[PDB]
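So this first bit is one chain, no partners, the form deposited without ligand 1CP, shown in C-alpha coordinates.
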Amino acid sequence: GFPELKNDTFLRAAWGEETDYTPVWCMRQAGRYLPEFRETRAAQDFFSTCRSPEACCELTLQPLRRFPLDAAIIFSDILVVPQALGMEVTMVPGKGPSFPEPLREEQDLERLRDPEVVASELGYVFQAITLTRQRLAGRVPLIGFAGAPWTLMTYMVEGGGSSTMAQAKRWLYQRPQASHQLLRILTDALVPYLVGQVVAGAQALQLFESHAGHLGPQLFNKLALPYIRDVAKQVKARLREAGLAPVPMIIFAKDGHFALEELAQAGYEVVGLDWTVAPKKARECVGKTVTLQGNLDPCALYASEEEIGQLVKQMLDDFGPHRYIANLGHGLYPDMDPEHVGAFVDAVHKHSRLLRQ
(Lines give C-alpha, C1' and ligand atoms only; values in the text may rest on other atoms or scores of the structure.)
Protein backbone atom coordinates (compact mmCIF):
# COMPACT_ATOMS: atom_id res chain seq x y z
CA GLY A 1 0.00 0.00 0.00
CA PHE A 2 2.86 2.41 -0.77
CA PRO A 3 3.30 4.72 -3.76
CA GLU A 4 4.41 3.04 -6.98
CA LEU A 5 8.10 3.51 -7.70
CA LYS A 6 8.85 6.03 -10.46
CA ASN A 7 12.66 5.78 -10.80
CA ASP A 8 13.88 2.22 -10.25
CA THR A 9 17.31 2.50 -11.90
CA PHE A 10 18.98 1.59 -8.57
CA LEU A 11 16.92 -1.59 -8.22
CA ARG A 12 17.42 -2.75 -11.78
CA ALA A 13 21.20 -2.25 -11.62
CA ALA A 14 21.18 -4.08 -8.27
CA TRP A 15 19.56 -7.12 -9.86
CA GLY A 16 22.10 -6.99 -12.67
CA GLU A 17 19.94 -5.43 -15.38
CA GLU A 18 21.08 -2.92 -17.97
CA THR A 19 20.12 0.71 -17.28
CA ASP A 20 20.09 3.92 -19.33
CA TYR A 21 22.62 5.35 -16.88
CA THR A 22 24.56 4.41 -13.76
CA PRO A 23 22.55 5.00 -10.56
CA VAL A 24 24.30 6.79 -7.69
CA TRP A 25 23.92 7.34 -3.93
CA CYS A 26 26.28 8.16 -1.03
CA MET A 27 26.83 6.36 2.24
CA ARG A 28 26.01 8.99 4.88
CA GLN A 29 24.29 11.23 2.32
CA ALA A 30 22.25 12.34 5.32
CA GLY A 31 25.27 13.51 7.30
CA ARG A 32 26.89 16.41 9.16
CA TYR A 33 28.34 17.80 5.91
CA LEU A 34 24.82 19.22 5.38
CA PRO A 35 24.10 22.34 7.49
CA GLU A 36 20.41 21.36 7.64
CA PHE A 37 21.44 18.03 9.18
CA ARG A 38 23.16 19.57 12.23
CA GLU A 39 20.21 21.91 12.90
CA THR A 40 17.60 19.12 12.79
CA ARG A 41 19.89 16.82 14.78
CA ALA A 42 20.39 19.59 17.35
CA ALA A 43 16.73 19.20 18.39
CA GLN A 44 17.73 16.82 21.20
CA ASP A 45 20.33 14.10 21.82
CA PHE A 46 21.27 11.41 19.29
CA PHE A 47 18.85 8.74 20.54
CA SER A 48 15.84 11.08 20.56
CA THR A 49 16.22 12.74 17.16
CA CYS A 50 16.68 9.16 15.95
CA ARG A 51 13.69 7.88 17.98
CA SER A 52 11.36 10.37 16.27
CA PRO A 53 9.98 8.95 12.99
CA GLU A 54 9.32 12.41 11.53
CA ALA A 55 12.87 13.49 12.38
CA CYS A 56 14.53 10.45 10.83
CA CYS A 57 12.27 10.86 7.80
CA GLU A 58 13.32 14.51 7.34
CA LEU A 59 17.00 13.67 7.70
CA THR A 60 16.57 10.91 5.11
CA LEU A 61 14.87 13.31 2.69
CA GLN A 62 17.29 16.22 3.08
CA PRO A 63 20.02 15.06 0.64
CA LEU A 64 17.39 14.25 -2.00
CA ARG A 65 16.27 17.88 -1.97
CA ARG A 66 19.80 18.92 -2.92
CA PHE A 67 20.86 16.17 -5.27
CA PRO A 68 19.11 13.87 -7.78
CA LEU A 69 20.37 10.77 -5.93
CA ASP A 70 19.00 7.48 -7.29
CA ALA A 71 18.17 6.06 -3.89
CA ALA A 72 17.60 7.14 -0.33
CA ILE A 73 18.87 5.32 2.74
CA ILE A 74 16.98 5.48 6.00
CA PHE A 75 18.72 7.63 8.59
CA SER A 76 19.63 5.59 11.66
CA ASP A 77 22.66 4.18 13.47
CA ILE A 78 24.21 0.68 13.44
CA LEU A 79 24.39 0.95 17.24
CA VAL A 80 20.58 0.75 17.61
CA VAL A 81 20.83 -3.06 17.57
CA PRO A 82 23.33 -3.46 20.47
CA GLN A 83 21.27 -0.87 22.33
CA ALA A 84 18.04 -2.77 21.66
CA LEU A 85 19.86 -5.82 23.05
CA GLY A 86 20.25 -4.08 26.38
CA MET A 87 23.47 -2.10 26.12
CA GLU A 88 23.52 1.51 27.29
CA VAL A 89 24.93 4.17 24.98
CA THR A 90 26.29 7.56 26.08
CA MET A 91 26.51 9.52 22.83
CA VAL A 92 28.75 12.52 23.55
CA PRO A 93 29.71 15.30 21.05
CA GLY A 94 33.45 14.71 21.41
CA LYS A 95 33.87 10.93 21.34
CA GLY A 96 30.59 10.06 19.64
CA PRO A 97 29.28 6.45 19.74
CA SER A 98 30.21 4.84 23.07
CA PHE A 99 29.33 2.04 25.48
CA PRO A 100 30.53 3.12 28.95
CA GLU A 101 30.09 -0.51 30.01
CA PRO A 102 31.49 -2.80 27.24
CA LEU A 103 31.31 -6.59 27.20
CA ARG A 104 34.60 -8.04 28.50
CA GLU A 105 33.88 -11.36 30.16
CA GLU A 106 31.76 -14.21 28.80
CA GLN A 107 29.48 -13.55 31.77
CA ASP A 108 28.70 -10.12 30.31
CA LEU A 109 26.52 -11.88 27.71
CA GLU A 110 23.86 -12.63 30.31
CA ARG A 111 22.72 -9.00 30.38
CA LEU A 112 21.68 -9.03 26.72
CA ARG A 113 18.05 -9.42 25.68
CA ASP A 114 16.73 -12.51 23.89
CA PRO A 115 17.44 -11.57 20.26
CA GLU A 116 13.85 -12.51 19.44
CA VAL A 117 12.57 -9.43 21.28
CA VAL A 118 14.88 -6.92 19.58
CA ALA A 119 12.51 -6.25 16.65
CA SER A 120 9.79 -5.06 19.00
CA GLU A 121 12.30 -2.70 20.58
CA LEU A 122 13.12 -1.13 17.22
CA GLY A 123 9.56 -0.20 16.28
CA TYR A 124 10.49 3.47 15.95
CA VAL A 125 12.81 2.60 13.04
CA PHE A 126 10.06 0.70 11.25
CA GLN A 127 7.74 3.69 11.71
CA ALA A 128 10.35 6.03 10.26
CA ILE A 129 10.78 3.74 7.26
CA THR A 130 7.05 3.51 6.45
CA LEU A 131 6.79 7.25 6.91
CA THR A 132 9.80 7.93 4.67
CA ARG A 133 8.51 5.47 2.03
CA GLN A 134 5.15 7.31 2.05
CA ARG A 135 6.70 10.80 1.88
CA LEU A 136 9.20 9.82 -0.83
CA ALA A 137 6.09 9.01 -2.88
CA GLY A 138 7.94 6.57 -5.12
CA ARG A 139 10.58 9.08 -6.23
CA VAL A 140 13.50 6.65 -5.72
CA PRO A 141 13.97 3.38 -3.75
CA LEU A 142 14.47 3.34 0.04
CA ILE A 143 17.43 1.37 1.42
CA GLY A 144 17.20 -0.16 4.89
CA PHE A 145 20.36 -1.21 6.77
CA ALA A 146 22.15 -2.69 9.74
CA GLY A 147 25.66 -3.47 10.86
CA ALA A 148 27.08 -6.94 10.24
CA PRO A 149 27.54 -9.31 13.26
CA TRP A 150 31.33 -8.94 13.59
CA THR A 151 31.30 -5.15 13.21
CA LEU A 152 28.55 -4.82 15.87
CA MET A 153 30.55 -7.13 18.13
CA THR A 154 33.59 -4.84 17.83
CA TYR A 155 31.52 -1.91 19.13
CA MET A 156 30.09 -3.95 21.97
CA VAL A 157 33.52 -5.27 23.10
CA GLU A 158 35.68 -2.25 22.27
CA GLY A 159 33.04 0.09 23.67
CA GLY A 160 33.50 2.27 20.61
CA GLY A 161 36.11 2.84 17.92
CA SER A 162 39.65 1.41 17.79
CA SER A 163 42.52 1.33 15.30
CA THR A 164 43.36 -2.31 16.12
CA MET A 165 40.24 -4.03 17.51
CA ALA A 166 42.65 -5.70 19.96
CA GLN A 167 39.97 -6.39 22.60
CA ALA A 168 37.49 -7.77 20.06
CA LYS A 169 40.14 -9.85 18.29
CA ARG A 170 41.42 -11.08 21.66
CA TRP A 171 37.91 -12.45 22.15
CA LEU A 172 38.13 -14.34 18.87
CA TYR A 173 41.47 -15.96 19.83
CA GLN A 174 40.96 -16.46 23.58
CA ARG A 175 37.17 -16.84 23.66
CA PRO A 176 36.17 -18.45 20.35
CA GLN A 177 33.10 -20.14 21.90
CA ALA A 178 31.78 -16.99 23.60
CA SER A 179 32.56 -15.08 20.40
CA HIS A 180 30.48 -17.52 18.37
CA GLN A 181 27.69 -17.23 20.93
CA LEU A 182 27.69 -13.41 20.78
CA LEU A 183 27.86 -13.47 16.98
CA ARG A 184 24.88 -15.83 16.87
CA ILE A 185 22.84 -13.55 19.23
CA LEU A 186 23.66 -10.70 16.85
CA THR A 187 22.52 -12.74 13.82
CA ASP A 188 19.26 -13.85 15.44
CA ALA A 189 18.50 -10.20 16.18
CA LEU A 190 19.51 -8.74 12.81
CA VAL A 191 17.38 -11.12 10.74
CA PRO A 192 14.00 -10.15 12.30
CA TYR A 193 15.18 -6.54 12.34
CA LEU A 194 16.08 -6.48 8.64
CA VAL A 195 12.92 -8.38 7.72
CA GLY A 196 10.94 -5.78 9.70
CA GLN A 197 12.57 -2.98 7.74
CA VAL A 198 11.32 -4.54 4.49
CA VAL A 199 7.86 -5.13 6.01
CA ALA A 200 7.84 -1.44 6.93
CA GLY A 201 8.72 -0.54 3.36
CA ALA A 202 12.48 -0.85 2.72
CA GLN A 203 13.10 -1.78 -0.94
CA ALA A 204 16.75 -2.86 -0.51
CA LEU A 205 19.10 -3.67 2.38
CA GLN A 206 22.74 -3.00 3.14
CA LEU A 207 24.77 -4.85 5.74
CA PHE A 208 27.75 -2.80 6.94
CA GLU A 209 30.78 -4.89 7.86
CA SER A 210 32.80 -1.73 8.46
CA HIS A 211 35.47 -3.44 10.61
CA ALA A 212 36.21 -6.33 8.24
CA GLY A 213 39.74 -5.12 7.53
CA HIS A 214 41.02 -5.70 11.06
CA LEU A 215 40.68 -9.44 10.48
CA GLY A 216 42.71 -11.50 8.04
CA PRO A 217 41.36 -14.11 5.56
CA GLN A 218 41.45 -16.96 8.09
CA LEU A 219 39.70 -15.23 10.97
CA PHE A 220 37.25 -13.59 8.58
CA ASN A 221 36.05 -16.85 7.04
CA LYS A 222 35.97 -18.38 10.49
CA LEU A 223 34.00 -15.82 12.49
CA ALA A 224 32.68 -13.07 10.18
CA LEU A 225 31.71 -14.79 6.91
CA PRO A 226 29.44 -17.51 8.37
CA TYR A 227 27.17 -14.91 9.94
CA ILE A 228 27.25 -12.66 6.90
CA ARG A 229 25.95 -15.71 5.01
CA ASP A 230 23.32 -16.56 7.63
CA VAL A 231 21.83 -13.06 7.57
CA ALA A 232 21.16 -13.03 3.82
CA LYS A 233 19.87 -16.60 3.78
CA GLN A 234 17.50 -16.18 6.71
CA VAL A 235 16.22 -12.76 5.68
CA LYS A 236 15.33 -14.06 2.20
CA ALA A 237 13.61 -17.12 3.67
CA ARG A 238 11.44 -15.17 6.12
CA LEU A 239 10.42 -12.64 3.48
CA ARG A 240 9.25 -15.41 1.14
CA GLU A 241 7.40 -17.24 3.92
CA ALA A 242 5.71 -13.94 4.79
CA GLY A 243 4.52 -13.64 1.20
CA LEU A 244 6.76 -10.63 0.55
CA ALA A 245 9.14 -10.20 -2.38
CA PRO A 246 12.80 -10.39 -1.31
CA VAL A 247 14.75 -7.19 -1.82
CA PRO A 248 18.25 -6.79 -3.26
CA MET A 249 20.84 -7.11 -0.46
CA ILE A 250 24.24 -5.34 -0.38
CA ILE A 251 27.25 -6.48 1.65
CA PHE A 252 29.79 -3.76 2.41
CA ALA A 253 33.08 -5.01 3.86
CA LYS A 254 35.38 -2.02 4.29
CA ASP A 255 39.04 -3.00 3.81
CA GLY A 256 37.79 -6.45 2.82
CA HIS A 257 39.84 -6.89 -0.37
CA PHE A 258 40.94 -10.33 0.84
CA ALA A 259 37.37 -11.58 0.99
CA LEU A 260 35.87 -10.28 -2.27
CA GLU A 261 35.76 -13.79 -3.68
CA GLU A 262 33.94 -15.33 -0.69
CA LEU A 263 31.57 -12.36 -0.46
CA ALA A 264 30.48 -12.71 -4.09
CA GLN A 265 29.13 -16.15 -3.11
CA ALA A 266 27.70 -15.04 0.23
CA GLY A 267 24.18 -14.60 -1.11
CA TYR A 268 24.11 -10.84 -1.73
CA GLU A 269 23.12 -9.21 -5.03
CA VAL A 270 25.61 -6.39 -4.50
CA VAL A 271 29.12 -6.17 -3.06
CA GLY A 272 30.22 -2.76 -1.84
CA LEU A 273 33.84 -1.80 -2.29
CA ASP A 274 36.14 0.63 -0.50
CA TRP A 275 38.46 2.91 -2.47
CA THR A 276 41.62 0.80 -2.02
CA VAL A 277 40.52 -2.00 -4.37
CA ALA A 278 41.00 -1.22 -8.07
CA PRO A 279 37.61 -1.66 -9.87
CA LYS A 280 39.02 -4.06 -12.45
CA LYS A 281 40.69 -6.33 -9.87
CA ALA A 282 37.48 -6.26 -7.83
CA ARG A 283 35.59 -7.39 -10.94
CA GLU A 284 38.07 -10.24 -11.34
CA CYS A 285 37.63 -11.33 -7.73
CA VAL A 286 33.84 -11.11 -7.63
CA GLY A 287 33.21 -12.57 -11.06
CA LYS A 288 30.55 -11.60 -13.58
CA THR A 289 27.37 -12.45 -11.68
CA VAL A 290 27.15 -9.95 -8.79
CA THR A 291 26.77 -6.19 -8.95
CA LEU A 292 29.56 -4.03 -7.59
CA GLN A 293 28.63 -0.91 -5.63
CA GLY A 294 31.33 1.63 -5.97
CA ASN A 295 34.24 3.18 -4.48
CA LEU A 296 35.34 6.79 -5.06
CA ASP A 297 37.73 7.89 -2.29
CA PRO A 298 35.42 10.11 -0.21
CA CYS A 299 38.36 12.47 0.29
CA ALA A 300 38.46 12.84 -3.49
CA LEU A 301 35.63 15.31 -2.98
CA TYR A 302 38.20 17.75 -1.57
CA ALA A 303 39.44 18.26 -5.11
CA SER A 304 37.81 20.85 -7.42
CA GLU A 305 34.53 20.09 -9.17
CA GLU A 306 36.53 19.75 -12.38
CA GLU A 307 38.95 17.23 -10.84
CA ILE A 308 36.03 15.26 -9.40
CA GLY A 309 34.38 14.90 -12.80
CA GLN A 310 37.62 13.49 -14.22
CA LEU A 311 38.17 11.11 -11.32
CA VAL A 312 34.54 9.98 -11.73
CA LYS A 313 35.02 9.48 -15.47
CA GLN A 314 38.05 7.26 -14.86
CA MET A 315 36.18 5.32 -12.16
CA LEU A 316 33.25 4.57 -14.48
CA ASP A 317 35.64 3.57 -17.30
CA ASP A 318 37.15 0.95 -14.99
CA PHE A 319 33.90 -0.47 -13.68
CA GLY A 320 32.16 -0.62 -17.05
CA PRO A 321 28.44 0.12 -17.71
CA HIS A 322 27.31 -3.37 -16.60
CA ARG A 323 26.38 -4.53 -13.08
CA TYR A 324 27.43 -1.32 -11.31
CA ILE A 325 26.04 1.15 -8.78
CA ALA A 326 28.18 4.24 -8.17
CA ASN A 327 28.85 5.33 -4.57
CA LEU A 328 31.79 6.44 -2.45
CA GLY A 329 34.37 4.09 -0.96
CA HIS A 330 33.04 5.06 2.49
CA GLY A 331 30.64 7.49 4.15
CA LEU A 332 30.94 11.23 3.58
CA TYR A 333 33.08 13.31 5.96
CA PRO A 334 31.53 16.19 8.05
CA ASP A 335 33.73 18.91 6.53
CA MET A 336 32.88 18.13 2.91
CA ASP A 337 31.35 20.72 0.62
CA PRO A 338 27.71 19.95 -0.42
CA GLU A 339 28.50 21.49 -3.81
CA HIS A 340 31.23 18.92 -4.40
CA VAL A 341 28.80 16.11 -3.52
CA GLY A 342 26.50 17.55 -6.17
CA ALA A 343 29.33 17.50 -8.70
CA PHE A 344 30.02 13.82 -7.92
CA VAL A 345 26.37 12.89 -8.48
CA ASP A 346 26.17 14.95 -11.67
CA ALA A 347 29.44 13.52 -12.99
CA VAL A 348 28.25 9.92 -12.57
CA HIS A 349 25.03 10.66 -14.47
CA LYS A 350 26.74 12.61 -17.26
CA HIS A 351 29.62 10.16 -17.92
CA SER A 352 27.61 6.93 -17.51
CA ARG A 353 25.36 8.11 -20.32
CA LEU A 354 28.35 9.03 -22.50
CA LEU A 355 29.91 5.65 -21.73
CA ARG A 356 26.71 4.23 -23.26
CA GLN A 357 25.99 6.65 -26.10
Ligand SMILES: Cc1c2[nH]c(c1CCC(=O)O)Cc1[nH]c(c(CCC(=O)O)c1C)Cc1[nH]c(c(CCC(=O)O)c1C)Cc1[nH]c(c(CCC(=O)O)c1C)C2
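Residue numbers here begin at 1 and follow the sequence given.
Omitted here: the form deposited with ligand 1CP bound. The next part is about that form.
This chain appears without its partner; in the entry with it bound, the one residue of 179, 187, 130, 76 with a heavy atom within 4.5 Å of ligand 1CP is 76.
None of 171, 227, 208, 220 but one reaches within 4.5 angstroms of ligand 1CP in the entry with it bound through a heavy atom, and that residue is 208. Across the proposed site, 145, 161 and 330 without exception bring a heavy atom within 4.5 Å of ligand 1CP in the entry with it bound. Note on the interface: of 210-218, 113-121, 134-142, 100-108, the segment with non-hydrogen atoms within 4.5 angstroms of ligand 1CP in the entry with it bound is 210-218.
By the criterion of a heavy atom within 4.5 Å, residue 155 is counted among the residues contacting ligand 1CP in the entry with it bound. For residue 27, a non-hydrogen atom is located within 4.5 Å of ligand 1CP in the entry with it bound, even though that partner is not displayed. Of the heavy atoms in residue 67, none are within 4.5 Å of ligand 1CP in the entry with it bound.
Ligand 1CP in the entry with it bound is approached by residue 37, whose closest heavy atom lies within 4.5 angstroms of it.
Residue 252 is the only one in 248-265 with at least one heavy atom within 4.5 Å of ligand 1CP in the entry with it bound.
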